[PDB]
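Heads up, query06.cif below (mmCIF, N, CA and C atoms):
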```cif
data_structure
loop_
_atom_site.label_atom_id
_atom_site.label_comp_id
_atom_site.auth_asym_id
_atom_site.auth_seq_id
_atom_site.Cartn_x
_atom_site.Cartn_y
_atom_site.Cartn_z
N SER A 1 9.73 14.63 10.62
CA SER A 1 8.94 14.07 9.48
C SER A 1 9.79 14.05 8.21
N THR A 2 9.22 13.53 7.12
CA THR A 2 9.95 13.42 5.86
C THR A 2 9.07 13.80 4.67
N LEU A 3 9.69 14.35 3.64
CA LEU A 3 9.02 14.52 2.35
C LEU A 3 8.94 13.17 1.66
N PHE A 4 7.93 13.01 0.82
CA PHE A 4 7.78 11.80 0.03
C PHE A 4 7.89 12.13 -1.45
N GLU A 5 8.32 11.15 -2.24
CA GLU A 5 8.39 11.33 -3.70
C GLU A 5 7.62 10.23 -4.42
N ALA A 6 7.05 10.58 -5.56
CA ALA A 6 6.30 9.61 -6.36
C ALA A 6 7.21 8.58 -7.01
N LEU A 7 6.87 7.31 -6.83
CA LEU A 7 7.57 6.20 -7.47
C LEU A 7 7.06 6.00 -8.88
N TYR A 8 5.81 6.40 -9.11
CA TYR A 8 5.16 6.22 -10.41
C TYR A 8 4.24 7.41 -10.70
N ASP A 9 3.96 7.62 -11.99
CA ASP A 9 2.90 8.54 -12.42
C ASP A 9 1.56 8.09 -11.85
N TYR A 10 0.67 9.04 -11.59
CA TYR A 10 -0.68 8.73 -11.16
C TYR A 10 -1.68 9.71 -11.74
N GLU A 11 -2.76 9.19 -12.32
CA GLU A 11 -3.85 10.02 -12.81
C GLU A 11 -5.04 10.00 -11.86
N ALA A 12 -5.44 11.19 -11.41
CA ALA A 12 -6.55 11.36 -10.46
C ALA A 12 -7.80 10.60 -10.89
N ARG A 13 -8.43 9.92 -9.93
CA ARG A 13 -9.63 9.13 -10.20
C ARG A 13 -10.87 9.75 -9.57
N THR A 14 -10.66 10.56 -8.53
CA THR A 14 -11.74 11.28 -7.87
C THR A 14 -11.41 12.77 -7.87
N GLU A 15 -12.39 13.62 -7.58
CA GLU A 15 -12.19 15.07 -7.62
C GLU A 15 -11.24 15.58 -6.53
N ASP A 16 -11.07 14.79 -5.47
CA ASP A 16 -10.20 15.18 -4.36
C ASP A 16 -8.76 14.73 -4.56
N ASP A 17 -8.54 13.83 -5.51
CA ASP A 17 -7.20 13.35 -5.86
C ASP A 17 -6.34 14.41 -6.53
N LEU A 18 -5.03 14.29 -6.33
CA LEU A 18 -4.06 14.97 -7.20
C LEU A 18 -3.59 13.98 -8.26
N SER A 19 -3.33 14.49 -9.46
CA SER A 19 -2.53 13.78 -10.44
C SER A 19 -1.07 14.17 -10.22
N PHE A 20 -0.16 13.27 -10.55
CA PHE A 20 1.26 13.55 -10.40
C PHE A 20 2.15 12.69 -11.28
N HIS A 21 3.41 13.09 -11.41
CA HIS A 21 4.40 12.32 -12.17
C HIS A 21 5.42 11.71 -11.23
N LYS A 22 6.10 10.67 -11.71
CA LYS A 22 7.21 10.06 -10.99
C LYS A 22 8.25 11.13 -10.64
N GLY A 23 8.72 11.11 -9.39
CA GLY A 23 9.73 12.08 -8.95
C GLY A 23 9.17 13.33 -8.29
N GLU A 24 7.88 13.60 -8.50
CA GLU A 24 7.23 14.74 -7.84
C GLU A 24 7.31 14.54 -6.33
N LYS A 25 7.66 15.61 -5.61
CA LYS A 25 7.76 15.55 -4.15
C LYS A 25 6.52 16.11 -3.46
N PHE A 26 6.24 15.57 -2.27
CA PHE A 26 5.06 15.96 -1.51
C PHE A 26 5.36 16.16 -0.04
N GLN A 27 4.74 17.20 0.52
CA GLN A 27 4.62 17.36 1.95
C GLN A 27 3.33 16.66 2.38
N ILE A 28 3.44 15.69 3.29
CA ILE A 28 2.26 14.96 3.75
C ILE A 28 1.59 15.73 4.88
N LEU A 29 0.31 16.05 4.69
CA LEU A 29 -0.46 16.82 5.67
C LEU A 29 -1.24 15.93 6.62
N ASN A 30 -1.85 14.87 6.09
CA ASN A 30 -2.61 13.94 6.91
C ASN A 30 -2.52 12.52 6.37
N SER A 31 -2.29 11.57 7.28
CA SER A 31 -2.21 10.16 6.91
C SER A 31 -3.19 9.30 7.72
N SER A 32 -4.12 9.95 8.42
CA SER A 32 -5.02 9.26 9.35
C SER A 32 -6.34 8.80 8.72
N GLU A 33 -6.47 8.98 7.41
CA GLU A 33 -7.73 8.71 6.71
C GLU A 33 -7.65 7.54 5.72
N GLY A 34 -6.74 6.62 6.00
CA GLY A 34 -6.57 5.43 5.17
C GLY A 34 -5.38 5.52 4.24
N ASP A 35 -5.42 4.71 3.18
CA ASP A 35 -4.30 4.56 2.25
C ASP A 35 -4.00 5.79 1.40
N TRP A 36 -5.01 6.62 1.16
CA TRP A 36 -4.81 7.86 0.42
C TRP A 36 -4.53 8.99 1.40
N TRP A 37 -3.31 9.51 1.32
CA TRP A 37 -2.85 10.60 2.19
C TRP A 37 -3.20 11.96 1.61
N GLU A 38 -3.53 12.89 2.50
CA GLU A 38 -3.72 14.27 2.10
C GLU A 38 -2.34 14.91 2.06
N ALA A 39 -2.03 15.58 0.95
CA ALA A 39 -0.69 16.08 0.73
C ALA A 39 -0.66 17.36 -0.09
N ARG A 40 0.49 18.02 -0.08
CA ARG A 40 0.71 19.19 -0.90
C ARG A 40 1.89 18.94 -1.84
N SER A 41 1.65 19.15 -3.14
CA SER A 41 2.70 18.99 -4.15
C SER A 41 3.71 20.12 -4.06
N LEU A 42 4.99 19.76 -4.01
CA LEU A 42 6.05 20.76 -4.01
C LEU A 42 6.36 21.26 -5.42
N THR A 43 5.64 20.73 -6.41
CA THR A 43 5.73 21.21 -7.78
C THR A 43 4.64 22.25 -8.06
N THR A 44 3.40 21.91 -7.72
CA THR A 44 2.24 22.74 -8.07
C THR A 44 1.73 23.61 -6.92
N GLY A 45 2.01 23.20 -5.68
CA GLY A 45 1.44 23.85 -4.50
C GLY A 45 0.04 23.40 -4.14
N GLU A 46 -0.55 22.53 -4.98
CA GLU A 46 -1.91 22.06 -4.78
C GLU A 46 -2.01 21.05 -3.64
N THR A 47 -3.14 21.08 -2.94
CA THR A 47 -3.45 20.15 -1.86
C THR A 47 -4.50 19.16 -2.33
N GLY A 48 -4.30 17.89 -2.01
CA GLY A 48 -5.27 16.87 -2.35
C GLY A 48 -4.79 15.52 -1.89
N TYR A 49 -5.48 14.48 -2.35
CA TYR A 49 -5.21 13.13 -1.90
C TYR A 49 -4.41 12.32 -2.90
N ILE A 50 -3.50 11.50 -2.38
CA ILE A 50 -2.62 10.69 -3.21
C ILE A 50 -2.42 9.32 -2.57
N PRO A 51 -2.33 8.27 -3.41
CA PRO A 51 -2.13 6.92 -2.86
C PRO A 51 -0.75 6.75 -2.24
N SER A 52 -0.73 6.43 -0.95
CA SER A 52 0.53 6.25 -0.23
C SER A 52 1.44 5.21 -0.86
N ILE A 53 0.86 4.15 -1.43
CA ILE A 53 1.67 3.10 -2.04
C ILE A 53 2.47 3.59 -3.26
N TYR A 54 2.03 4.70 -3.84
CA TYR A 54 2.72 5.28 -5.00
C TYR A 54 3.94 6.11 -4.59
N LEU A 55 4.16 6.24 -3.28
CA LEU A 55 5.19 7.14 -2.76
C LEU A 55 6.27 6.40 -1.98
N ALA A 56 7.42 7.05 -1.85
CA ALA A 56 8.48 6.58 -0.97
C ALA A 56 9.14 7.77 -0.28
N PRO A 57 9.71 7.55 0.92
CA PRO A 57 10.39 8.66 1.60
C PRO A 57 11.56 9.23 0.80
N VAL A 58 11.70 10.55 0.88
CA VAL A 58 12.80 11.39 0.31
C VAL A 58 12.60 11.76 -1.15
#
```
The structure in this file should be written as structure tokens.
Amino acid sequence: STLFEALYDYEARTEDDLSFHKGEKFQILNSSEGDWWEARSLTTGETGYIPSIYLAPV
């Protein structure tokens, strides 16, 4: 598997979302629930959902 990094800043829109900045890295936990992946921030340690389109590998 691979870590993903944010291509752009994102502000959470739902309570299950994470907010994040460009360059923040994520461990992806689940991608089977549509475009928003469940992930863990390698900056904050928090788990939540993030838009896959906002991310790229490495």
Name the residues in contact with stretch 6-18 of chain A at a cut-off of 6.5 Å, using all atoms listed in the file, excluding same-chain residues fewer than 4 positions from it; report them as a list in words.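 Skipping anything fewer than 4 positions along the chain leaves residues 22, 23, 24, 25, 26, 47, 48, 49, 50, 54, 55 and 56 of chain A.
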Looking at A:36, A:58, A:43, A:21, which one is nearest to residue A:2, with distances taken over all atoms listed in the file?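 The shortest atom-to-atom distance to residue A:2 comes from A:58.
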Evaluating the PyMOL selection byres ((chain A and resi 28) around 6) on the displayed file yields which residues, as a PDB file with N, CA and C atoms, in the frame of the given file?
```
ATOM      1  N   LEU A   3       9.690  14.350   3.640  1.00  0.00           N
ATOM      2  CA  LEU A   3       9.020  14.520   2.350  1.00  0.00           C
ATOM      3  C   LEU A   3       8.940  13.170   1.660  1.00  0.00           C
ATOM      4  N   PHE A   4       7.930  13.010   0.820  1.00  0.00           N
ATOM      5  CA  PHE A   4       7.780  11.800   0.030  1.00  0.00           C
ATOM      6  C   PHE A   4       7.890  12.130  -1.450  1.00  0.00           C
ATOM      7  N   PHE A  26       6.240  15.570  -2.270  1.00  0.00           N
ATOM      8  CA  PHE A  26       5.060  15.960  -1.510  1.00  0.00           C
ATOM      9  C   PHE A  26       5.360  16.160  -0.040  1.00  0.00           C
ATOM     10  N   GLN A  27       4.740  17.200   0.520  1.00  0.00           N
ATOM     11  CA  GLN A  27       4.620  17.360   1.950  1.00  0.00           C
ATOM     12  C   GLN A  27       3.330  16.660   2.380  1.00  0.00           C
ATOM     13  N   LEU A  29       0.310  16.050   4.690  1.00  0.00           N
ATOM     14  CA  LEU A  29      -0.460  16.820   5.670  1.00  0.00           C
ATOM     15  C   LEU A  29      -1.240  15.930   6.620  1.00  0.00           C
ATOM     16  N   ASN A  30      -1.850  14.870   6.090  1.00  0.00           N
ATOM     17  CA  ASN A  30      -2.610  13.940   6.910  1.00  0.00           C
ATOM     18  C   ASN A  30      -2.520  12.520   6.370  1.00  0.00           C
ATOM     19  N   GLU A  38      -3.530  12.890   2.500  1.00  0.00           N
ATOM     20  CA  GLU A  38      -3.720  14.270   2.100  1.00  0.00           C
ATOM     21  C   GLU A  38      -2.340  14.910   2.060  1.00  0.00           C
ATOM     22  N   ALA A  39      -2.030  15.580   0.950  1.00  0.00           N
ATOM     23  CA  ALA A  39      -0.690  16.080   0.730  1.00  0.00           C
ATOM     24  C   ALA A  39      -0.660  17.360  -0.090  1.00  0.00           C
ATOM     25  N   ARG A  40       0.490  18.020  -0.080  1.00  0.00           N
ATOM     26  CA  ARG A  40       0.710  19.190  -0.900  1.00  0.00           C
ATOM     27  C   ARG A  40       1.890  18.940  -1.840  1.00  0.00           C
TER      28      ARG A  40
END
```
Looking only at the backbone, which of the residues in chain A does DSSP tag as strand (DSSP E or B), as a PyMOL selection string? chain A and resi 4-6+10+17+20+25-30+36-41+47-51+55-57
Got time to write the residues from that selection, N, CA and C atoms, as an mmCIF file, in the frame of the given file?
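Saved result, result_33.cif, follows:
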```cif
data_model
loop_
_atom_site.group_PDB
_atom_site.id
_atom_site.type_symbol
_atom_site.label_atom_id
_atom_site.label_comp_id
_atom_site.auth_asym_id
_atom_site.auth_seq_id
_atom_site.Cartn_x
_atom_site.Cartn_y
_atom_site.Cartn_z
ATOM 1 N N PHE A 4 7.930 13.010 0.820
ATOM 2 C CA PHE A 4 7.780 11.800 0.030
ATOM 3 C C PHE A 4 7.890 12.130 -1.450
ATOM 4 N N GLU A 5 8.320 11.150 -2.240
ATOM 5 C CA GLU A 5 8.390 11.330 -3.700
ATOM 6 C C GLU A 5 7.620 10.230 -4.420
ATOM 7 N N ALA A 6 7.050 10.580 -5.560
ATOM 8 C CA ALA A 6 6.300 9.610 -6.360
ATOM 9 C C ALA A 6 7.210 8.580 -7.010
ATOM 10 N N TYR A 10 0.670 9.040 -11.590
ATOM 11 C CA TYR A 10 -0.680 8.730 -11.160
ATOM 12 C C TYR A 10 -1.680 9.710 -11.740
ATOM 13 N N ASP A 17 -8.540 13.830 -5.510
ATOM 14 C CA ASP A 17 -7.200 13.350 -5.860
ATOM 15 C C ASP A 17 -6.340 14.410 -6.530
ATOM 16 N N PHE A 20 -0.160 13.270 -10.550
ATOM 17 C CA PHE A 20 1.260 13.550 -10.400
ATOM 18 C C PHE A 20 2.150 12.690 -11.280
ATOM 19 N N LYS A 25 7.660 15.610 -5.610
ATOM 20 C CA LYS A 25 7.760 15.550 -4.150
ATOM 21 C C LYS A 25 6.520 16.110 -3.460
ATOM 22 N N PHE A 26 6.240 15.570 -2.270
ATOM 23 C CA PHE A 26 5.060 15.960 -1.510
ATOM 24 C C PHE A 26 5.360 16.160 -0.040
ATOM 25 N N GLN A 27 4.740 17.200 0.520
ATOM 26 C CA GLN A 27 4.620 17.360 1.950
ATOM 27 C C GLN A 27 3.330 16.660 2.380
ATOM 28 N N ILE A 28 3.440 15.690 3.290
ATOM 29 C CA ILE A 28 2.260 14.960 3.750
ATOM 30 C C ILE A 28 1.590 15.730 4.880
ATOM 31 N N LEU A 29 0.310 16.050 4.690
ATOM 32 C CA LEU A 29 -0.460 16.820 5.670
ATOM 33 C C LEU A 29 -1.240 15.930 6.620
ATOM 34 N N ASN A 30 -1.850 14.870 6.090
ATOM 35 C CA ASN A 30 -2.610 13.940 6.910
ATOM 36 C C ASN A 30 -2.520 12.520 6.370
ATOM 37 N N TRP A 36 -5.010 6.620 1.160
ATOM 38 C CA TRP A 36 -4.810 7.860 0.420
ATOM 39 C C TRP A 36 -4.530 8.990 1.400
ATOM 40 N N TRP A 37 -3.310 9.510 1.320
ATOM 41 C CA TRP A 37 -2.850 10.600 2.190
ATOM 42 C C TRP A 37 -3.200 11.960 1.610
ATOM 43 N N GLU A 38 -3.530 12.890 2.500
ATOM 44 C CA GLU A 38 -3.720 14.270 2.100
ATOM 45 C C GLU A 38 -2.340 14.910 2.060
ATOM 46 N N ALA A 39 -2.030 15.580 0.950
ATOM 47 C CA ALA A 39 -0.690 16.080 0.730
ATOM 48 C C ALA A 39 -0.660 17.360 -0.090
ATOM 49 N N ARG A 40 0.490 18.020 -0.080
ATOM 50 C CA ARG A 40 0.710 19.190 -0.900
ATOM 51 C C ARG A 40 1.890 18.940 -1.840
ATOM 52 N N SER A 41 1.650 19.150 -3.140
ATOM 53 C CA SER A 41 2.700 18.990 -4.150
ATOM 54 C C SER A 41 3.710 20.120 -4.060
ATOM 55 N N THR A 47 -3.140 21.080 -2.940
ATOM 56 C CA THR A 47 -3.450 20.150 -1.860
ATOM 57 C C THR A 47 -4.500 19.160 -2.330
ATOM 58 N N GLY A 48 -4.300 17.890 -2.010
ATOM 59 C CA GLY A 48 -5.270 16.870 -2.350
ATOM 60 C C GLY A 48 -4.790 15.520 -1.890
ATOM 61 N N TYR A 49 -5.480 14.480 -2.350
ATOM 62 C CA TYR A 49 -5.210 13.130 -1.900
ATOM 63 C C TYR A 49 -4.410 12.320 -2.900
ATOM 64 N N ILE A 50 -3.500 11.500 -2.380
ATOM 65 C CA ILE A 50 -2.620 10.690 -3.210
ATOM 66 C C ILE A 50 -2.420 9.320 -2.570
ATOM 67 N N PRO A 51 -2.330 8.270 -3.410
ATOM 68 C CA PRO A 51 -2.130 6.920 -2.860
ATOM 69 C C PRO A 51 -0.750 6.750 -2.240
ATOM 70 N N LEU A 55 4.160 6.240 -3.280
ATOM 71 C CA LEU A 55 5.190 7.140 -2.760
ATOM 72 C C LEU A 55 6.270 6.400 -1.980
ATOM 73 N N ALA A 56 7.420 7.050 -1.850
ATOM 74 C CA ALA A 56 8.480 6.580 -0.970
ATOM 75 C C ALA A 56 9.140 7.770 -0.280
ATOM 76 N N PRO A 57 9.710 7.550 0.920
ATOM 77 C CA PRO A 57 10.390 8.660 1.600
ATOM 78 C C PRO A 57 11.560 9.230 0.800
#
```
Taking N, CA, C and O atoms as the atom set, what does stretch 2-20 of chain A look like once completed, written as a JSON list (two decimals), in the coordinates of the input?
```json
[["chain", "number", "residue", "atom", "x", "y", "z"],
["A", 2, "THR", "N", 9.22, 13.53, 7.12],
["A", 2, "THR", "CA", 9.95, 13.42, 5.86],
["A", 2, "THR", "C", 9.07, 13.80, 4.67],
["A", 2, "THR", "O", 7.85, 13.60, 4.71],
["A", 3, "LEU", "N", 9.69, 14.35, 3.64],
["A", 3, "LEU", "CA", 9.02, 14.52, 2.35],
["A", 3, "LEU", "C", 8.94, 13.17, 1.66],
["A", 3, "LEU", "O", 9.77, 12.29, 1.88],
["A", 4, "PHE", "N", 7.93, 13.01, 0.82],
["A", 4, "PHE", "CA", 7.78, 11.80, 0.03],
["A", 4, "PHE", "C", 7.89, 12.13, -1.45],
["A", 4, "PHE", "O", 7.61, 13.26, -1.86],
["A", 5, "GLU", "N", 8.32, 11.15, -2.24],
["A", 5, "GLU", "CA", 8.39, 11.33, -3.70],
["A", 5, "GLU", "C", 7.62, 10.23, -4.42],
["A", 5, "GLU", "O", 7.55, 9.10, -3.94],
["A", 6, "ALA", "N", 7.05, 10.58, -5.56],
["A", 6, "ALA", "CA", 6.30, 9.61, -6.36],
["A", 6, "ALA", "C", 7.21, 8.58, -7.01],
["A", 6, "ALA", "O", 8.19, 8.95, -7.66],
["A", 7, "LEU", "N", 6.87, 7.31, -6.83],
["A", 7, "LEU", "CA", 7.57, 6.20, -7.47],
["A", 7, "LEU", "C", 7.06, 6.00, -8.88],
["A", 7, "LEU", "O", 7.78, 5.47, -9.74],
["A", 8, "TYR", "N", 5.81, 6.40, -9.11],
["A", 8, "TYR", "CA", 5.16, 6.22, -10.41],
["A", 8, "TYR", "C", 4.24, 7.41, -10.70],
["A", 8, "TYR", "O", 3.81, 8.10, -9.78],
["A", 9, "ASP", "N", 3.96, 7.62, -11.99],
["A", 9, "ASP", "CA", 2.90, 8.54, -12.42],
["A", 9, "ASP", "C", 1.56, 8.09, -11.85],
["A", 9, "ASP", "O", 1.31, 6.88, -11.69],
["A", 10, "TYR", "N", 0.67, 9.04, -11.59],
["A", 10, "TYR", "CA", -0.68, 8.73, -11.16],
["A", 10, "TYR", "C", -1.68, 9.71, -11.74],
["A", 10, "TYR", "O", -1.48, 10.92, -11.67],
["A", 11, "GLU", "N", -2.76, 9.19, -12.32],
["A", 11, "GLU", "CA", -3.85, 10.02, -12.81],
["A", 11, "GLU", "C", -5.04, 10.00, -11.86],
["A", 11, "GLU", "O", -5.58, 8.93, -11.55],
["A", 12, "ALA", "N", -5.44, 11.19, -11.41],
["A", 12, "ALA", "CA", -6.55, 11.36, -10.46],
["A", 12, "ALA", "C", -7.80, 10.60, -10.89],
["A", 12, "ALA", "O", -8.17, 10.62, -12.06],
["A", 13, "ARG", "N", -8.43, 9.92, -9.93],
["A", 13, "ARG", "CA", -9.63, 9.13, -10.20],
["A", 13, "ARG", "C", -10.87, 9.75, -9.57],
["A", 13, "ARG", "O", -12.00, 9.50, -10.01],
["A", 14, "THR", "N", -10.66, 10.56, -8.53],
["A", 14, "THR", "CA", -11.74, 11.28, -7.87],
["A", 14, "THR", "C", -11.41, 12.77, -7.87],
["A", 14, "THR", "O", -10.26, 13.15, -8.14],
["A", 15, "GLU", "N", -12.39, 13.62, -7.58],
["A", 15, "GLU", "CA", -12.19, 15.07, -7.62],
["A", 15, "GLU", "C", -11.24, 15.58, -6.53],
["A", 15, "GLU", "O", -10.66, 16.66, -6.66],
["A", 16, "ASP", "N", -11.07, 14.79, -5.47],
["A", 16, "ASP", "CA", -10.20, 15.18, -4.36],
["A", 16, "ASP", "C", -8.76, 14.73, -4.56],
["A", 16, "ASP", "O", -7.87, 15.20, -3.85],
["A", 17, "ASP", "N", -8.54, 13.83, -5.51],
["A", 17, "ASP", "CA", -7.20, 13.35, -5.86],
["A", 17, "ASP", "C", -6.34, 14.41, -6.53],
["A", 17, "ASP", "O", -6.85, 15.29, -7.23],
["A", 18, "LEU", "N", -5.03, 14.29, -6.33],
["A", 18, "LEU", "CA", -4.06, 14.97, -7.20],
["A", 18, "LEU", "C", -3.59, 13.98, -8.26],
["A", 18, "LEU", "O", -3.48, 12.78, -7.99],
["A", 19, "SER", "N", -3.33, 14.49, -9.46],
["A", 19, "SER", "CA", -2.53, 13.78, -10.44],
["A", 19, "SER", "C", -1.07, 14.17, -10.22],
["A", 19, "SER", "O", -0.78, 15.28, -9.76],
["A", 20, "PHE", "N", -0.16, 13.27, -10.55],
["A", 20, "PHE", "CA", 1.26, 13.55, -10.40],
["A", 20, "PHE", "C", 2.15, 12.69, -11.28],
["A", 20, "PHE", "O", 1.70, 11.68, -11.83]]
```
